[PDB]
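A lone chain, given as structure tokens: the form deposited without the DNA.
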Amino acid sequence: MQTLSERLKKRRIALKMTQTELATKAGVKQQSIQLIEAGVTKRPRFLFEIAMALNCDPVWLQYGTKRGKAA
């Protein structure tokens, strides 16, 4: 899926979670996250917040790739 909208959406499906739920946990509004999912907000400020809230990686929900913690 790769892109901001697609990859974020995928995980929200995989977790049986709704945007308001994600927004609340992430400390933001639903409309804020919809802007990513709708394909408008290609760089969110609250990106980190969404990531941990949705139990995934910033760079992944963004571009399709997960931070190589393992060197």
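Numbering starts at 1 and follows the sequence shown.
The same protein has a further form, the form solved in complex with the DNA, not shown here; the description that follows concerns it.
Although the partner is absent here, residue 24 sits far enough away that none of its heavy atoms falls within 4.5 Å of the DNA in the deposited complex. Though the partner is left out of this view, residue 18 does reach within 4.5 Å of the DNA in the deposited complex, counting heavy atoms only. Contacts with the DNA in the deposited complex, taken as any heavy atom within 4.5 Å, map within 42-60 to 42, 43, 44, 45, 46.
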